[PDB]
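J.: quick one: initial chain(s) of a complex, as found there:
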Amino acid sequence: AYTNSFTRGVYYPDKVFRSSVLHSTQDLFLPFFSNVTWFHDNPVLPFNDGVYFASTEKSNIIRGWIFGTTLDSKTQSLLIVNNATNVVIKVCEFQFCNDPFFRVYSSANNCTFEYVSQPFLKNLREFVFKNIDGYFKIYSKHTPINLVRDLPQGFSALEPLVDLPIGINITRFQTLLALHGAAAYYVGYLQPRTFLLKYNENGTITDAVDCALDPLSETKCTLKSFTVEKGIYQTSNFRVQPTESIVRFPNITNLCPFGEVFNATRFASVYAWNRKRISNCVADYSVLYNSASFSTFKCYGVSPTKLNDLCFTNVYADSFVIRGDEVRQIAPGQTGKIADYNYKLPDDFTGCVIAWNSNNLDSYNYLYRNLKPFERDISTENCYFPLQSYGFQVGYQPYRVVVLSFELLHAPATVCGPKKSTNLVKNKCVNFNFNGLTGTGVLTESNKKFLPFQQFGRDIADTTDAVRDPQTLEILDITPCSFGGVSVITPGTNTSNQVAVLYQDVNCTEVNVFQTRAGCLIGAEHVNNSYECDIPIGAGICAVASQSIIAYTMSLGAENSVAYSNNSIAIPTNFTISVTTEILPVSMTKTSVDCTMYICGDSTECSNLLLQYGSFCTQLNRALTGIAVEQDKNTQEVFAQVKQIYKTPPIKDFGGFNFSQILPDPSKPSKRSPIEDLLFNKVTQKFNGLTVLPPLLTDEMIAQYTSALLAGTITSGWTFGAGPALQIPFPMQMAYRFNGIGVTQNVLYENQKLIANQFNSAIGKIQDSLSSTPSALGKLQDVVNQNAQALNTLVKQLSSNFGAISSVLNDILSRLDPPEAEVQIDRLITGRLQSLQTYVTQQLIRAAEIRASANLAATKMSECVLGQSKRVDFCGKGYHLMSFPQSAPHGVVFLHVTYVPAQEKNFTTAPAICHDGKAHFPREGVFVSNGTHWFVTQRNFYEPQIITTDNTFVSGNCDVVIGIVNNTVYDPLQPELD
Amino acid sequence: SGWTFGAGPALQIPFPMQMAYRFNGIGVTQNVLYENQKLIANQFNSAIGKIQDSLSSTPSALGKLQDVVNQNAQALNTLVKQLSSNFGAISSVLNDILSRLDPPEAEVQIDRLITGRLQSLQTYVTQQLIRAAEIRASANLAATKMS
């Protein structure tokens, strides 16, 4: 029967010890959740590209084991029987028998070796058979298993107990036991695949994940982690593979006479050589390529093996002779008298040079003597004449030199290769070959017409979109095959595992489904509703809900539909003094990596070849120390706005306003506040060259500036940012900060207890929100993760070849022969210098971004804190009050206290007010009415007052303004008079 | 709603008084508007019409977004033309250097081509990062010219 091979097949690939590293690799591997041919009769199963074999528990013993391709002498055989505390791994052509034991342990035909001292095997023998690079591999991991019906879960990684150099082919196998229904055993497959292997603290592969199986597994593969979160992740590109190769060479079928150049042995002397023109055939290059009846076959451009694939516009076979020496002068640019006067190949030469041996054909008549490439001039002028001959009959012996000059993609190709023509196909993704235009695409018809002289078209980026197919002369367009950016809409391994897949800009026809303007999105279904966007999917459609994956039309916060009218006014009768934390970075981890040590691991050889590059590392070090001093400058500019350091009063009688969360904690040994301690907890190596310069202001020193700023804000308020600090009681400062946003101070003192309770409840809610979700303090977490990712990719560049033979420098490199050592260390110096330069460029851009945010934080703590910003929506959503810096590492967490109205009402309002035939406009506030009585009140707090001359001023009359209504305005003097 | 819909929720305000307060907030007393409302509206609409006429015939009047779009198109076309660049590469610009070269020589020529194309793409990415820093400065300027 067939059962689910859950997770077996994994094993230690790289043979080296490793710890806590997710070293992804690709080998011939068993995919997860594959079908197996379990037998309760030995099925001779094809060893496709490696197989995975396991026995069952069944108690007892699995006796003996029989393997091998066919046992029929077509290949050398293979056998891994187990008996008598020995393992015969002989490759002998054993007996072909369906009922063996030593029934089939015979016929000694062409064996290798044998291994002993390994009598291995309720158990489970895990085996892997693979033949890669000609070295057969065997793996073993025997583990007891009580269950026999259903294969147990769990990850078991195998070990290379032996690495056989069998040097054979293996194309099938089986397993036949001895004789005593019967026991069972499993058989699986492998495929070219890639996994992501998670090693433990003891270098034990405790986990492994595929990626070719599940799009969720694709996300686990790309992000190089076993965990994924909210977010669409670009994985790969969905490419439609070609069906079957098509070759359309022209209708010509004759064979060109290459014998009328190569078999032509009466070459023409280099003084006046002969060039033969050839065309209109499909003559083969196989006879010249395979039969190497020559001495030198140097090809520039084409190669001897690929010559049969291309069809050429025109071929000229230059023919001349030259001595055995100076043959290297037949090369682009190579100097010499023959090259200087007789024959000079062009610098951009393209062709094959065949200096086939003529010790018997060349040899008198073959005379020899700047000039243009492919020049030709034969003439004769204490005289001087270049008439020289050579009457030879091995060092000085002349030879025969024939040069083929090809020109490609300039005209209708006329001489082709031996490849047989194949029927043309249309409207299907098919890889093609038209006169050598190798490529893959779909062939459609276009209204464009090729000119009769024209052969094939092109686009920008030298893409041959249109080619008139030869042998039919038909208009065609090489549209690229259906390609679409495949993405993943996953809800995170923490919550679910169901996955949704996106196909970027493909009509649904070409592979539920839900069409978007960004493309058809499988794995999800539309929802005729509006929920806040979770995973932006694209083109206005975005997404698990109720244990189901959805993909709906993105909500935009619904339609509030505010009620406009000529007199529609909403004045808030209540407010919430809410604190909002918009977190900003100010600095990053200073690196200042030792470039001469990073790129060159203290190698004397590498240092010279690096200083040869001319102060590259000088600029690198200067830029890195400049941005490090820039981090120090940002920290000083944001935290050190004040010179004097203020100690908070021992008695905090701040009108009921707790700052114990934000003021320094006496119990904690440091000055970090309880909210600062929460920040520090919840936000929370030295390698070659890499280092971390500690900030000038330490964490306790940065916290000391932060505490000084908080103390100045709560005791001196905003005056300490201008000059000397001025003692301000906190209720007074909050009254001033109300007065600075168009709301009268009385709101504070008449709501002092209420605002204090709101502030403290808000700060408790800030602590709770920061303690529940990382999204609250995600800003510095993201920037620190960005810096750590940059450092990790920088140090992983060490493990990158960059074109070199080995990534590691100290041992394998700086150890080659000094010339080749210089060549390979130059490849490494270029690669690592490019990696470090792109790292420092990304770091300079990131430092510019952090510097913009640091100037933002400096302008906030100079305006939000050290004053009160009239810039609406700058210090938090709402009318701003004040702010609190918090010394979070590599950033600041501002507590942007803001005034936000909550409860509204409806009133009848008029732009003006008319009394006794005379206009009256409000000095401050807006005229509104509960209905029968008109009132003016602050724009952002319903505090109605009767209208008197104090709150109104007169300008104009009651016949010019539209929208005016009458009312009565009283006298601030008549009741005083009366 | 005026400005209140960004502080808290939307609080409806008739346009006359909203623009009266938008005078009051720049040192121009509100009494100007309540007497000049007709002329103010006429100048408003006439200036909108002037914008329309500048958009209909005057070129590069919207030359800033047009400029950034042209810059992006020029960068993309520069990448596309860099596809048609040699960087050496056996005097071949087609990536299909194979079907002409064996794996060793094809490898070295295509490695030169990858160095060239990777350098061009890295130049494009660096220029796009600097241009996106400029665009983000303008976007944080618009987000502070909004709100």
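T.: Yep, that arrived. Numbering: from 1, shown residues only, chains lettered A, B, ... in the order given.

J.: number of nearby residues for the residue lying closest to residue A:571 once chain neighbours are set aside?
T.: Using CB to CB, 6 or more residues apart in numbering or on different chains and skipping residues adjacent in sequence, the residue nearest residue A:571 is residue A:942, 4.9 Å away. Using the backbone N, CA and C atoms, a C-beta is placed for each residue, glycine as well. Neighbourhood size, residue A:942 [other CB atoms under 10 Å in any protein chain shown]: 20.

J.: same deal with residue A:441?
T.: 21.

J.: before we move on, what about residue A:831?
T.: Counted with other CB under 10 Å, residue A:831 comes out at 19.

J.: so the residue nearest to residue A:571 touches residue A:572, yeah?
T.: Yes: between residue A:942 and residue A:572 a contact is recorded at 6.3 Å, counting by CB atoms under 8 Å.

J.: list residues touching both of those two?
T.: Counting by CB atoms under 8 Å, 6 or more residues apart in numbering or on different chains, the common neighbours of residue A:942 and residue A:572 are residue A:905.

J.: the residue most central in space within chain A and chain B, how far apart?
T.: For chain A, the residue nearest the mean C-alpha position is residue A:222 (7.4 Å; CA atoms, centre = their mean). According to CB to the nearest CB, to the nearest Å, residue A:222 and chain B sit 19 Å apart.

J.: assign a three-state SS to the residue nearest to residue A:571, would you?
T.: With DSSP: H, G, I helix; E, B strand; the rest coil as the basis, residue A:942 sits in coil.

J.: residue contacts, it?
T.: A:571-574, A:905.

J.: residues near residue A:790, how many?
T.: Neighbour tally, residue A:790, other CB under 10 Å: 19.

J.: assign it to helix, strand or coil.
T.: Per three-state DSSP, residue A:790 ends up helix.

J.: hmm, it is touching residue A:841, no?
T.: No: between residue A:790 and residue A:841 there is no contact under CB under 8 Å: 11.0 Å.

J.: chain C comes next; put it on the structure above:
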Amino acid sequence: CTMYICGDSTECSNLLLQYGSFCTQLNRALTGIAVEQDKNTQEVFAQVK
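T.: Let me add chain C to what's already shown:
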């Protein structure tokens, strides 16, 4: 990066892994700036609740 530098070819696709994670770094930078434009538009326009 795979299609730009290499396209349908696979041998240079293998060679591109040998040049470190430049493919991944560049693609991550492009995705970062794309999300950057998305959040620019959200901070400019979508700031309305």
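
J.: what do you get for the neighbour count of residue A:441 once chain C is counted?
T.: Residue A:441 - counted by other CB under 10 Å - has 22 other residues nearby.

J.: and if you look at the one 5 residues further on?
T.: The local packing of residue A:446 (other CB under 10 Å) involves 13 other residues.

J.: for it, grab phi and psi.
T.: For residue A:446, the backbone dihedrals (degrees, to the nearest 10) come out as phi -130, psi 150.

J.: excluding covalently adjacent residues, which one is nearest to it?
T.: Using CB to CB, 6+ apart, the closest residue to residue A:446 is residue A:477 (4.3 Å).

J.: enumerate every residue touching the one you found.
T.: With CB under 8 Å, 6+ apart, residue A:477 has these contacts: A:443-446, A:448, A:465-466.

J.: so who does residue A:221 touch?
T.: Neighbours of residue A:221 in contact, by CB under 8 Å, 6+ apart: A:24, A:194, A:196, A:209-211, A:235.

J.: now residue A:616
T.: Counted by CB under 8 Å, 6+ apart, residue A:616 has contacts A:595, A:610, A:833, A:837.

J.: and the furthest pair within those residues?
T.: A:610 and A:837 (13.0 Å; CB to CB).

J.: quick one: which of these two has more around it?
T.: residue A:610 (21 against 16).

J.: hey, what's the residue nearest to residue A:446 bridged with?
T.: According to DSSP bridges, the partner residues bridging residue A:477 are residue A:444, residue A:466.

J.: over to residue A:163?
T.: residue A:137.

J.: pretty sure it contacts residue A:134?
T.: No: using CB under 8 Å, residue A:163 is not in contact with residue A:134; the gap is 11.3 Å.

J.: list the buried ones in stretch A:688-707?
T.: Using 16 or more other CB atoms under 10 Å in any protein chain shown as the test for burial, stretch A:688-707 gives A:688-690, A:693, A:695, A:697, A:699, A:702-707.

J.: which residues sit in contact with residue A:18?
T.: Residues in contact with residue A:18 (CB under 8 Å, 6+ apart) are A:199, A:203.

J.: here's chain D, drop it on:
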Amino acid sequence: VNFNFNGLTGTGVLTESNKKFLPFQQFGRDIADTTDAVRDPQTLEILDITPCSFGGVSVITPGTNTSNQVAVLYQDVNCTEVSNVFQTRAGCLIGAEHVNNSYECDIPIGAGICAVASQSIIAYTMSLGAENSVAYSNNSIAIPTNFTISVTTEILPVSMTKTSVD
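T.: Chain D goes in next, on the same frame as the chains above:
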């Protein structure tokens, strides 16, 4: 010690930290291709290769026009391995002497240590400024009776040289 463990070349301290090596595994590796752990031949012991105590070198000089005493710096290094020698978080600094008094930061070393002063080079704890403990009270106000019209001059580079390398 510079070492040649059965082919591998390097330089570092060969500790004896505990690790478990599988029989087929010879040595460990970090994220890069630098071998953190190598199993010693002839003993099968575990040795965690750790790089030497390297670090940058700074100079605390007060200016040739003022003095000539030099205080070379050794950062991110314990001075247990090579004037009065003083240690801090940023490193161990020689050529200077710690002082308990708080002085303003002239030459910042790192990790709060700042530095000629009285024919000697010092290395003190940075004085964040005068510890002005403002006497706050629930009914205390300060009012300035006077002012100072001071023209603070800040300089901004508006336009660099219009270099036009052709």
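
J.: same as before for the neighbour count of residue A:831, with chain D this time.
T.: Count around residue A:831 with other CB under 10 Å applied: 23.

J.: roughly how far apart are it and residue A:449?
T.: 49 Å (CB to CB, to the nearest Å).

J.: same question, residue D:18
T.: 79 Å.

J.: the more surrounded of those two?
T.: residue A:449 (9 against 6).

J.: which residues touch the more buried one?
T.: Counting by CB under 8 Å, 6+ apart, residue A:449 touches residue A:475.

J.: from residue A:254, how far out is it?
T.: In terms of CB to CB, residue A:449 sits 30 Å off from residue A:254.

J.: next one: residue A:601
T.: In terms of CB to CB, residue A:601 sits 63 Å off from residue A:254.

J.: the two: which has the busier surroundings?
T.: residue A:601 (20 against 9).

J.: ok, the nearest residue to the residue nearest to the centre of chain A once chain neighbours are set aside to residue A:724 distance?
T.: Distances taken as CB to CB, 6+ apart put residue A:235 closest to residue A:222, at 5.3 Å, once the chain neighbours are dropped. Applying CB to CB, the value for residue A:235 to residue A:724 is 61 Å.

J.: more neighbours, those two?
T.: Remark: of residue A:235 and residue A:724, residue A:235 carries more neighbours, 20 against 12, as counted by other CB under 10 Å.

J.: so what's the more buried one up against?
T.: A:215, A:218-219, A:221-222, A:486-488.

J.: quick check: of those, which lies closest to residue D:85?
T.: residue A:222 (51.0 Å).

J.: doesn't residue A:231 make contact with that closest one?
T.: No: here residue A:222 does not reach residue A:231: they are 12.0 Å apart, not a contact under CB under 8 Å.

J.: write out the residues of the stretch 701-850 of chain A neighbouring chain D.
T.: Proximity of the stretch 701-850 of chain A to chain D, by CB under 8 Å from any CB of the partner chain, involves residues A:701, A:704-705, A:708, A:711-712, A:714-716, A:719, A:723-729, A:732, A:792, A:795-796, A:798-799, A:806-808, A:810-811, A:814-815.
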